[PDB]
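I have placed the structure first, in the form of structure tokens, so that the comments after it can refer back to it.
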Amino acid sequence: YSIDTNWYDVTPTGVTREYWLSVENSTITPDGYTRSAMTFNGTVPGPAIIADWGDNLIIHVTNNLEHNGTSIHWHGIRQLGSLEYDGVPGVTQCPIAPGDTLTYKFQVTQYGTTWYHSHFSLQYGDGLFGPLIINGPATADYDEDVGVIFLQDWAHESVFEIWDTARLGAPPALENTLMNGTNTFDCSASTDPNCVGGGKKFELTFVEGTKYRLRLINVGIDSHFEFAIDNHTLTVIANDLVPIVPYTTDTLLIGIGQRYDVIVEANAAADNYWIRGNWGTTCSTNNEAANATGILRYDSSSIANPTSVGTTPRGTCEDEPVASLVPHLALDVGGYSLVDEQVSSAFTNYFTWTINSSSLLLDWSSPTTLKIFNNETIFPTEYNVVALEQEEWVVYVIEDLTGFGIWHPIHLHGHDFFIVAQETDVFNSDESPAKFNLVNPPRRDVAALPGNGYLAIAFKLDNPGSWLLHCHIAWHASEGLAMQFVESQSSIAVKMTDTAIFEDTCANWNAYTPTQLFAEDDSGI
Ligand SMILES: *[C@@H]1O[C@H](CO)[C@@H](O[C@@H]2O[C@H](CO)[C@@H](O[C@@H]3O[C@H](CO[C@@H]4O[C@H](CO[C@@H]5O[C@H](CO)[C@@H](O)[C@H](O)[C@@H]5O[C@@H]5O[C@H](CO)[C@@H](O)[C@H](O)[C@@H]5O)[C@@H](O)[C@H](O)[C@@H]4O)[C@@H](O)[C@H](O)[C@@H]3O)[C@H](O)[C@H]2NC(C)=O)[C@H](O)[C@H]1NC(C)=O
Ligand SMILES: *[C@@H]1O[C@H](CO)[C@@H](O[C@@H]2O[C@H](CO)[C@@H](O[C@@H]3O[C@H](CO)[C@@H](O)[C@H](O)[C@@H]3O)[C@H](O)[C@H]2NC(C)=O)[C@H](O)[C@H]1NC(C)=O
Ligand SMILES: *[C@@H]1O[C@H](CO)[C@@H](O)[C@H](O)[C@H]1NC(C)=O
Ligand SMILES: *[C@@H]1O[C@H](CO)[C@@H](O)[C@H](O)[C@H]1NC(C)=O
Ligand SMILES: *[C@@H]1O[C@H](CO)[C@@H](O)[C@H](O)[C@H]1NC(C)=O
Ligand SMILES: *[C@@H]1O[C@H](CO)[C@@H](O)[C@H](O)[C@H]1NC(C)=O
Ligand SMILES: *[C@@H]1O[C@H](CO)[C@@H](O)[C@H](O)[C@H]1NC(C)=O
Ligand SMILES: *[C@H]1O[C@H](CO)[C@@H](O)[C@H](O)[C@@H]1O
Ligand SMILES: [Cu+2]
Ligand SMILES: [Cu+2]
Ligand SMILES: [Cu+2]
Ligand SMILES: [Cu+2]
Ligand SMILES: [Cu+2]
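In the working numbering, the protein residues as written are 7 to 531.
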């Protein structure tokens, strides 16, 4: 097994790996400002889940929150034959009730960098995410793996406090950003007792001449980054969970939920350097956007702020150029049927996004998968179901008709897709399909729907189940910018063990909902 192994077809034998995670109500001080958080195991980021390609994960998730369901998603994890462990509440399970435990089981049939996060409403915005790193092949050599660097915005209160405001349609400017869970913040004016100060920059220490694999993930609520390290080059070796033909870049545009693995050679004059998130100010607002930075040190004892000169950011909300993103294991898209769908917006009780006029709104007590187990094939209109059955491919064209010009990071569950087109133009059903790239196009699981343009993503019908596709901007998802593919419904294979477990989760959730303190007040996802 190697970098040229087809991991969609072949999977190594591995070992069983077991984790207990507690979804917790916490207090943290990541940037010198003390606030509530919703965490795995009291840390933001959550604990590292590290495994090998082909391992079986067993992850016992206990919900120790008092006032929310929860449901944990393993982002970009294919979940072939483990649909009920995808962690989408209202799609592949009922929410895990307070006090209850759901044990997620799945094999990792991919390798690279990803993460896990709650998919229950906005929870991941309060810190409910962690790294999921799967060891395997890599398209370039390096001597050291520094692991993951999370890039995010960071509020100074619960995302749930500001939801009622945000749902009037404008995402609010958050108070700060974190790089790998930390940042500075100026508390030396504040009369807020929580602003205790002492927040510190993310530090990364290089040994000169050593090669470092960095694993970048944008995990913000509503944030775009263009990661750069002053006077260093990034050699990009993977996008999401798909190794790519290495290419070098001064900066790396990164949408929410996207990952890149980069190799950085520490071949610069030994000094302190700015590490730049390069918050996309055009993409979304932040109170402290220029402070989305950290410190590269070649000398650990140095406590000096770097004074390096950075590269000029492209300053866009785009993804990396399609031409740059060439998977190592080349794969082409076969004959396809085309599904076309259109993003617009409406206002009801609040601001919603629509997919062909319907905003996603799930009933947590009746997930698509329960409906499937009950042999339903017609789904509520607000479940935004697109049915798929075998031409073994689908091109899904999603069009921004909102007029907003936001670059939406579109995430597909159950599949890597193929970026056959990512265009800043109006989609024409008679002209545009011709301009698709079907021959080893970029392949990944988050890609930008360009603002005012279209994203055309192809996938194979190789994974029966009900698969959410959504904007990964947390507000947008909560605002129903989502649909779901019900793929070969009659081919979905579920174990009696897993059906029993699913039913129990739903039973406990149904036992919880009559005295819940808080109702569902978003899409559910
Ligand atoms: C950004 O910030 C994050 C922190 O949020 C930071 O994360 C760090 O990532 C590093 C690189 O990826 C990482 O370094 C690695 O750590 C690995 C593992 O850490 C260990 O855990 C080991 C294994 O767990 C155990 O299994 C053994 C048997 O082998 C048992 O003895 C042990 O009891 C435990 O038990 C079992 O767990 C299994 C599943 O794991 C189950 O199957 C079993 O049933 C049982 O429950 C252990 O061997 C180690 O001692 C250690 O605890 C290393 O393997 C790897 O080689 C590498 O060194 C680091 O740990 C992360 N740190 C934190 C705090 O999360 C990033 O580095 C930050 N990024 C940057 C750029 O700074
Ligand atoms: C999940 O749990 C959290 C508790 O952490 C619940 O958050 C709460 O959500 C409600 C309803 O949105 C909030 O009420 C609103 O507060 C704002 C801001 O002060 C106000 O403008 C509104 O008029 C409204 O009253 C409440 O503040 C918020 N609480 C906290 C501590 O954040 C959330 O509703 C739970 N969701 C589910 C589905 O269980
Ligand atoms: C997380 O917390 C739970 C509950 O305390 C504990 O059982 C579990 O072992 C912890 N897991 C890790 C990875 O720290
Ligand atoms: C977390 O704790 C806060 C403060 O005690 C509480 O008001 C809130 O309801 C809790 N959140 C959840 C999801 O249980
Ligand atoms: C980052 O924040 C600190 C604290 O306010 C400030 O001194 C510094 O100027 C900031 N950098 C900017 C605004 O570019
Ligand atoms: C969505 O709407 C457009 C325009 O009416 C139409 O071409 C397309 O087929 C619709 N898609 C679905 C899946 O209903
Ligand atoms: C769903 O269909 C299968 C196969 O016909 C059947 O065995 C099962 O009992 C059905 N569930 C229902 C009708 O609720
Ligand atoms: C990735 O590669 C493409 C194609 O060579 C470039 O256009 C891009 O700027 C980046 O280097
Ligand atoms: Cu309470
Ligand atoms: Cu995700
Ligand atoms: Cu996902
Ligand atoms: Cu969006
Ligand atoms: Cu998702």
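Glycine included, each C-beta is placed from N, C-alpha and C at the ideal position.
Bridge partners of residue i, per DSSP?
i	result
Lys466	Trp399
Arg221	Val154, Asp267
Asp346	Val403
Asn141	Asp58
residue 5	Outside the displayed span of the chain (7 to 531) sits residue 5, for which this structure offers no information.
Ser472	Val492
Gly38	Beta-bridge pairing links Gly38 to no other residue.
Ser351	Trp359
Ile64	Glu24, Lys111
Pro415	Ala454
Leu258	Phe233
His73	None, per the DSSP bridge assignment.
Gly136	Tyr122
Hey, could you find the ends of the beta strand (DSSP E) residue i is sitting in?
i	result
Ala427	423–429
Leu394	391–394
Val248	248–255
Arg41	41–46
residue 575	Past the boundaries of the shown model lies residue 575; the chain is included only from 7 to 531, so the question cannot be answered.
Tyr110	107–113
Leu240	240–245
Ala310	Looking at the DSSP string, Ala310 is not in any beta strand (DSSP E), and its letter there is neither H nor E.
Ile78	78–80
Can you tell me whether residue i is helix, strand or coil according to DSSP?
i	result
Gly118	strand
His482	helix
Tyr148	coil
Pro439	helix
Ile56	strand
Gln495	helix
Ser363	coil
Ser229	coil
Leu461	strand
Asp15	coil
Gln522	coil
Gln99	strand
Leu86	coil
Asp159	strand
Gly131	helix
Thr387	helix
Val165	helix
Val94	coil
In terms of residue numbering, what span does the alpha helix (DSSP H) encompassing residue i cover?
i	result
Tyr25	Careful: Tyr25 lies outside any alpha helix (DSSP H), inside the beta strand (DSSP E) at 22–34.
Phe508	502–518
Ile378	374–379
Can you find a CB in chain D that lies within less than 8 Å of the CB of residue i?
i	result
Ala296	The structure shown contains no chain D; it holds only a single protein chain.
What are the complete beta strand (DSSP E) segments, minimum 3 residues, inside the segment 169–218? 182–185, 209–211
Pick out every residue whose C-beta is nearer than 6 Å to a heavy atom of ligand 7: which are they, in chain order? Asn380, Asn381
Tell me which residues pass a beta-carbon proximity test against ligand 6: closer than 6 Å to any heavy atom, given in chain order. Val345, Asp346, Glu347, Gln348, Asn362, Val392
Which residue spans inside the segment 265–305 form an unbroken alpha helix (DSSP H) run of at least 4? none
Please enumerate, following chain order, all residues with a beta carbon closer than 5 Å to at least one heavy atom belonging to ligand 4. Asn31, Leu71, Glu72, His73, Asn74
Around ligand 8, what residues have a beta-carbon under 5 Å from a heavy atom of it, in chain order? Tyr253, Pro327, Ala329, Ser330
With ligand 13 as the reference, list in chain order each residue whose Cβ lies under 6 Å from any of its heavy atoms. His79, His125, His417, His419, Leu474, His476
Below 5 Å from a heavy atom of ligand 3 - residues by beta-carbon: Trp26, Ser28, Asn47, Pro53
Sequence-ordered residues whose beta carbon comes within less than 5 Å of a heavy atom of ligand 5: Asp192, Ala296, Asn297
Any heavy atom of ligand 10 nearer than 5 Å to the CB - residues listed: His81, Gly263
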